[PDB]
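Structure, as structure tokens:
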Amino acid sequence: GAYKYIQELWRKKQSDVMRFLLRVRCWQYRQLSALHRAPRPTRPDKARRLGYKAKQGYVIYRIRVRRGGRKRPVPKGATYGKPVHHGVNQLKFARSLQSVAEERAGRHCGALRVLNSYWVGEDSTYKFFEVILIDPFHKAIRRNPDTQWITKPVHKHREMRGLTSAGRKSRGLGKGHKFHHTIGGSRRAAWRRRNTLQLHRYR
Amino acid sequence: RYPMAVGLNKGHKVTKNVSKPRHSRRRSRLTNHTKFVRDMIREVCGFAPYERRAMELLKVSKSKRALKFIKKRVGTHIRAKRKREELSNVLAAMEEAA
Amino acid sequence: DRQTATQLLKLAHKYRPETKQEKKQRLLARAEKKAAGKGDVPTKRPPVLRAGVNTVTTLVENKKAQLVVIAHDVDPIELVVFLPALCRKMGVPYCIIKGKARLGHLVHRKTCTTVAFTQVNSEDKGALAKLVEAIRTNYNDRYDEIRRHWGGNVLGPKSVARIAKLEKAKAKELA
Amino acid sequence: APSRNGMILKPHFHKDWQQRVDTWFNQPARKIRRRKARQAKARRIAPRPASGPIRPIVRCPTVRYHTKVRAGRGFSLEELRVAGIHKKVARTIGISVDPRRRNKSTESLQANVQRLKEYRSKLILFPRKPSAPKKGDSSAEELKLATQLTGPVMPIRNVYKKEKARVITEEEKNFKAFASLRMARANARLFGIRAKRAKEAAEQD
RNA sequence: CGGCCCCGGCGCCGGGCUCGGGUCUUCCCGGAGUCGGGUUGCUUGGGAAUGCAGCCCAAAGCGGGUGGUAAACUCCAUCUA
RNA sequence: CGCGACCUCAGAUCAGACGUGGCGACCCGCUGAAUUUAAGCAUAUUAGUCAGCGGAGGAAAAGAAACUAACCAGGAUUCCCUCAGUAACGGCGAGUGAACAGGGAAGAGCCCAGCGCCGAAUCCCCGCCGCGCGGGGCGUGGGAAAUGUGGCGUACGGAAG
Ligand SMILES: [Mg+2]
Ligand SMILES: [Mg+2]
Ligand SMILES: [Mg+2]
Ligand SMILES: [Mg+2]
Ligand SMILES: [Mg+2]
Ligand SMILES: [Mg+2]
Ligand SMILES: [Mg+2]
Ligand SMILES: [Mg+2]
Ligand SMILES: [Mg+2]
Ligand SMILES: [Mg+2]
Ligand SMILES: [Mg+2]
Ligand SMILES: [Mg+2]
Ligand SMILES: [Mg+2]
Ligand SMILES: [Mg+2]
Ligand SMILES: [Mg+2]
Ligand SMILES: [Mg+2]
Ligand SMILES: [Mg+2]
Ligand SMILES: [Mg+2]
Ligand SMILES: [Mg+2]
Ligand SMILES: [Mg+2]
Ligand SMILES: [Mg+2]
Ligand SMILES: [Mg+2]
Numbered sequence: 002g003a004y005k006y007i008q009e010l011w012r013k014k015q016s017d018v019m020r021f022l023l024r025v026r027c028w029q030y031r032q033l034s035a036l037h038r039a040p041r042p043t044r045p046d047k048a049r050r051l052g053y054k055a056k057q058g059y060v061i062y063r064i065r066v067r068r069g070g071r072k073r074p075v076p077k078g079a080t081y082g083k084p085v086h087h088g089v090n091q092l093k094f095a096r097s098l099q100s101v102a103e104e105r106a107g108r109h110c111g112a113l114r115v116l117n118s119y120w121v122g123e124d125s126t127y128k129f130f131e132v133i134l135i136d137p138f139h140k141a142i143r144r145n146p147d148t149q150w151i152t153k154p155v156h157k158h159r160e161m162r163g164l165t166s167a168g169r170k171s172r173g174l175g176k177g178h179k180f181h182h183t184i185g186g187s188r189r190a191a192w193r194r195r196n197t198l199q200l201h202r203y204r
Numbered sequence: 004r005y006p007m008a009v010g011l012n013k014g015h016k017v018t019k020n021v022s023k024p025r026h027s028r029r030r031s032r033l034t035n036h037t038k039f040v041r042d043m044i045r046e047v048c049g050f051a052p053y054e055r056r057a058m059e060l061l062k063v064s065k066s067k068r069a070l071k072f073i074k075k076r077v078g079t080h081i082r083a084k085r086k087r088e089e090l091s092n093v094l095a096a097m098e099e100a101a
Numbered sequence: 088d089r090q091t092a093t094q095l096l097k098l099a100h101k102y103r104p105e106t107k108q109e110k111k112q113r114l115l116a117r118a119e120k121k122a123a124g125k126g127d128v129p130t131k132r133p134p135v136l137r138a139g140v141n142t143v144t145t146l147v148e149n150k151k152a153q154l155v156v157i158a159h160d161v162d163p164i165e166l167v168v169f170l171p172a173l174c175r176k177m178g179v180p181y182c183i184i185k186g187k188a189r190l191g192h193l194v195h196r197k198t199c200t201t202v203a204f205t206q207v208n209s210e211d212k213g214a215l216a217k218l219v220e221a222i223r224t225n226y227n228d229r230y231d232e233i234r235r236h237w238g239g240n241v242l243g244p245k246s247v248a249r250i251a252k253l254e255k256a257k258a259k260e261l262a
Numbered sequence: 002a003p004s005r006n007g008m009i010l011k012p013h014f015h016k017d018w019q020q021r022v023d024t025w026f027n028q029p030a031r032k033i034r035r036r037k038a039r040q041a042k043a044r045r046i047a048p049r050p051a052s053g054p055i056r057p058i059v060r061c062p063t064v065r066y067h068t069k070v071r072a073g074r075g076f077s078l079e080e081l082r083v084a085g086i087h088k089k090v091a092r093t094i095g096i097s098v099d100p101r102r103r104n105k106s107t108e109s110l111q112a113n114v115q116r117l118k119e120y121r122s123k124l125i126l127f128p129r130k131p132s133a134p135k136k137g138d139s140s141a142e143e144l145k146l147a148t149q150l151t152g153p154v155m156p157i158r159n160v161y162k163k164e165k166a167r168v169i170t171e172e173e174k175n176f177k178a179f180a181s182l183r184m185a186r187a188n189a190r191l192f193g194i195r196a197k198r199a200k201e202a203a204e205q206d
């Protein structure tokens with residue numbers, strides 16, 4: 002149909018016809034609040050390929066985050082430690098801006114479940130994202146068997162644990178020789194497994 | 004004479020499988036419909052700034068400089084070769100015609 | 088304009104999509120008249136316009152649409168920018184109109200992006216062909232000029248009045 | 002710290018290890034739980050054998066173990082197709098299917114399809130009513146047995162070609178040698194260099 | 001071991017959905033500010049930089065990733081993010 | 001001037017429904033030192049631990065390869081024995097340190113966006129009608145959601161006609 006056309010058009014987001022739209026939308030989002038409700042997704046194909054369906058119970062939020070690395074909260078830039086830990090200025094957060102956006106959205110709305118998110122616009126001082134939320138207690142979602150997994154209490158606050166697509170990347174999961182950090186589960190699980198002394202009964 | 008563990012032809016001798024390869028290996032092939040939609044969106048969007056700069060460089064006999072510029076813009080050299088080929092093709096397709 | 092658009096609307100008012108009330112009515116009557124008359128196809132397929140950007144695109148790609156009408160009140164323009172070039176490549180007549188709700192009312196929905204005319208009655212074929220010519224000479228034949236035309240770039244009246252004062256004072260000094 | 006003479010030691014006890022020590026004091030209880038779970042599963046699935054899904058013939062990848070053969074996960078789609086049964090029905094029949102595995106050798110393909118045919122010939126299933134075909138009037142009095150142990154139809158016990166004894170031929174005294182392996186290694190090492198030399202020689206001509 | 005009370009399944013009497021397998025002919029077949037590159041931090045046993053992140057540059061469809069030493073030419077094996 | 005439709009939006013003690021907090025032995029995400037060792041100390045070790053913050057469940061995470069190997073290849077993930085105190089990292093000093101095999105416990109696989117066809121055959125709500133114990137779902141009619149895209153048929157192991 003047309004979603005392939007929209008995808009191949011959004012792929013080349015450096016041409017003039019797309020750059021003008023991105024700049025206008027960034028300017029428009031700069032005047033709104035840091036967190037608000039978009040009544041319809043700006044990227045319908047991107048929302049569909051993430052799991053958004055045009056039916057009751059699915060909400061779209063637009064949220065902006067501050068672009069740039071994080072700074073140490075130490076007073077006056079003093080850490081009172083060895084010189085290796087004197088890095089107050091140039092530090093980078095382990096999680097992505099998209100992930101912290103999903104986290105802020107899920108924290109603002111606890112009654113909803115963060116499914117996924119995507120990028121809409123950005124500039125020098127801000128970066129904008131659109132997140133998708135599911136209502137786990139709506140009858141139009143609880144009755145559909147394909148979306149009953151979002152209702153179970155195990156998926157409560159998926160954004161605060163890195164279960165989303167943005168947090169899964171920052172977690173470091175994967176299969177291969179490049180992901181020996183976290184073999185099973187988390188890197189902390191791998192650490193606990195590889196740094197425990199196995200004392201059998203007969204040794 | 005005898006199969007050896009080392010040499011130009013090592014290992015236990017077996018017969019090859021003439022079975023058809025799996026269809027996942029066939030991915031992102033040049034499709035008529037995909038080529039059509041890509042060429043239709045290309046003429047709508049135009050070109051990128053660096054693409055236009057590289058086309059201007061190709062218009063002049065300076066080609067190694069354009070190759071270096073593309074290699075500095077995009078990541079690797081093998082991508083730069085294909086980008087240079089595509090830019091030369093789009094420059095020679097319609098601009099050479101009346 | 089306000090004349091040809093109203094004419095196209097009066098033409099489309101005859102091929103409107105069939106509502107749910109009369110749809111249930113005809114589905115209830117079909118199972119009855121099938122057992123009554125014992126016929127295979129007692130009702131000829133009625134020619135109706137197709138709604139939806141995906142349907143319109145799949146029709147124009149296969150060259151099954153006689154005409155395409157597009158709305159311009161869409162908020163994301165990217166869902167529509169690709170359509171005029173596609174219709175120009177396929178050779179079908181495409182026309183843009185004002186009001187997605189006005190386009191929408193015929194389809195019994197709040198918002199409708201595009202509408203494709205595919206099948207027309209024998210007695211409306213002439214009325215349709217009389218307007219496809221004026222649509223082609225307005226949009227299809229002028230596609231190169233539309234693609235080369237650059238709009239916008241208009242300053243405010245408060246900034247035009249001052250430059251007018253300056254150019255007047257400069258012309259009065261030159262001659 | 003060191004002594005007169007002894008092996009230098011680097012014990013990895015510099016970390017805080019005493020707060021994470023796994024003692025296997027629950028090993029008998031774990032074994033009892035596993036045995037009870039196995040018994041309960043076998044009792045619930047009694048007509049089907051333990052480790053029900055038949056597993057194919059699988060050769061070890063590495064050169065260290067490629068001389069022996071072992072069990073595997075599932076039969077390949079090519080093997081299923083040569084056997085002639087549908088892909089999705091094998092799961093409920095009791096045949097484990099591995100769609101990721103490929104087939105590179107007909108020597109293993111024939112062995113796998115023969116194992117599948119043997120399993121199918123030995124298999125006897127129960128119907129809902131006698132209206133289902135591919136069965137008999139009496140099911141061999143519960144098939145003479147309900148559950149099997151350590152492999153559904155047959156383990157992966159290794160077999161070996163005999164090649165008992167033979168008369169030495171004439172040229173076997175000077176057939177192979179250590180010089181043969183040395184020449185093979187030298188050719189494998191200097192294959193491309195000779196090709197480049199021949200190329201640059203033909204260039205001058 | 002017996003007798004008494006409560007709860008859960010296995011077989012049987014109304015109600016609503018309901019074409020699989022093979023050959024041949026024709027068509028379709030894909031996730032983007034994402035991969036990757038430069039750079040700066042944290043981390044890893046991962047070393048011409050294993051992974052993550054901030055900024056910039058930012059694509060292709062005989063394509064892309066990986067093949068443990070950076071780079072060019074060619075071939076091969078595996079996978080489809 | 002007015003009317004109507006769409007679209008970005010505001011208010012209610014509107015009808016119905018949901019989250020807050022606590023425990024936190026186990027688990028997930030972030031950043032998080034120093035005492036100590038290095039017979040001194042900056043790199044390093046302590047440690048990607050303690051402390052701090054955010055969440056859930058009886059388990060959680062992981063999980064169907066953008067995998068491992070380079071020969072007769074294997075085949076989700078999880079845990080145990082070995083690999084191995086090894087390859088490797090380190091003022092190559094102190095010290096740190098995996099992975100692939102292989103044998104075992106268990107072994108369940110799939111869906112969707114897209115590409116196309118099906119007159120939107122889809123879903124929520126309201127009310128009377130025919131049903132069962134402790135009360136919720138099946139058949140009927142209008143009010144909304146939805147053509148900027150419901151649902152069956154489809155998932156790379158090919159699929160459709
Ligand atoms: Mg809504
Ligand atoms: Mg202090
Ligand atoms: Mg999960
Ligand atoms: Mg001892
Ligand atoms: Mg390929
Ligand atoms: Mg002493
Ligand atoms: Mg490549
Ligand atoms: Mg390749
Ligand atoms: Mg190589
Ligand atoms: Mg190399
Ligand atoms: Mg001391
Ligand atoms: Mg001191
Ligand atoms: Mg200590
Ligand atoms: Mg450390
Ligand atoms: Mg703690
Ligand atoms: Mg809580
Ligand atoms: Mg609880
Ligand atoms: Mg897959
Ligand atoms: Mg040892
Ligand atoms: Mg280091
Ligand atoms: Mg040491
Ligand atoms: Mg360490």
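Chains A, B, C and D, in that order, give the protein sequences. Counting from 2, one number per residue, gives the positions in the first sequence under UniProt numbering. Counting from 4, one number per residue, gives the positions in the second sequence under UniProt numbering. Counting from 88, one number per residue, gives the positions in the third sequence under UniProt numbering. Counting from 2, one number per residue, gives the positions in the fourth sequence under UniProt numbering. Note that the Cβ used here is the ideal one computed from N, Cα and C, for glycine as well.
Please list the terminal residues of the continuous beta strand (DSSP E) segment that includes residue i.
i: residue 1(A); result: Outside the displayed span of chain A (2 to 204) sits residue 1(A), for which this structure offers no information.
i: residue 126(B); result: Only positions 4 to 101 of chain B appear in the structure, and residue 126(B) is not among them; the question remains open.
i: residue 65(A); result: 59-67
i: residue 157(C); result: 154-158
i: residue 182(C); result: 181-184
i: residue 202(C); result: 201-204
i: residue 209(D); result: One cannot answer for residue 209(D) here, as it falls past the ends of chain D, which runs 2 to 206.
i: residue 39(A); result: 36-39
In terms of alpha-carbon separation, which member of the options lies closest to residue i?
i: residue 67(D); options: 74(D), 59(D), 73(D); result: 59(D)
i: residue 96(D); options: 39(D), 55(D), 126(D); result: 55(D)
i: residue 5(A); options: 44(A), 39(A), 183(A), 29(A); result: 44(A)
i: residue 158(C); options: 143(C), 201(C), 145(C), 150(C); result: 201(C)
i: residue 12(B); options: 40(D), 186(D), 47(D); result: 186(D)
i: residue 62(D); options: 30(B), 14(B), 63(B), 44(B); result: 14(B)
i: residue 94(B); options: 17(B), 75(B), 60(B); result: 60(B)
Would you mind sorting residue i into buried or exposed? The rule is 16 or more other CB atoms within 10 Å of its CB.
i: residue 199(C); result: buried
i: residue 117(A); result: buried
i: residue 111(C); result: exposed
i: residue 99(A); result: buried
i: residue 203(A); result: exposed
i: residue 137(C); result: buried
i: residue 94(A); result: exposed
What residue range does the alpha helix (DSSP H) around residue i cover?
i: residue 21(A); result: 17-32
i: residue 80(B); result: 80-96
i: residue 183(D); result: 179-190
Would you say the region 165-177 of chain C touches the region 5-23 of chain A, given that touching needs at least three Cβ pairs under 8 angstroms? With a cut-off of 8 angstroms, the region 5-23 of chain A and the region 165-177 of chain C count as touching, because enough Cβ pairs lie within range.
Using 8 angstroms as the Cβ pair cut-off and three pairs as the minimum, do the region 113-132 of chain C and the region 223-240 of chain C touch? Taking 8 angstroms as the limit for Cβ pairs, the verdict is that the region 223-240 of chain C does not touch the region 113-132 of chain C.
Using a Cβ distance threshold of 8 angstroms, determine whether the region 74-82 of chain D contacts the region 108-116 of chain D, with at least three qualifying pairs required. The answer is yes - the region 108-116 of chain D touches the region 74-82 of chain D, with three or more Cβ pairs under 8 angstroms.
Evaluate the contact criterion for the region 127-141 of chain A versus the region 52-61 of chain A: three or more CB pairs, one atom per stretch, below 8 angstroms. As far as the Cβ criterion goes, the region 127-141 of chain A touches the region 52-61 of chain A, which means the pair count is three or higher.
At which residue ranges does the region 121-157 of chain A contain complete alpha helix (DSSP H) runs of 4 or more residues, listed in the order of the chain? Segments of the alpha helix (DSSP H) lying fully in the region 121-157 of chain A: 140-143.
With a threshold of 8 angstroms, are at least 3 pairs of Cβ atoms found where one atom belongs to the region 104-113 of chain A and the other to the region 152-161 of chain A? Enough Cβ pairs lie closer than 8 angstroms, so yes.
Alpha helix (DSSP H) runs wholly inside the UniProt region "Disordered" (165-186) of chain A, at least 4 long, in chain order: Counting whole runs of 4 or more residues, the UniProt region "Disordered" (165-186) of chain A contains the alpha helix (DSSP H) stretches 166-172.
State whether the region 14-28 of chain D contacts the region 180-200 of chain A, with contact taken as three or more CB pairs (one from each stretch) at a distance under 8 angstroms. Contact between the region 14-28 of chain D and the region 180-200 of chain A is present: three or more C-beta pairs spanning the two stretches fall below 8 angstroms.
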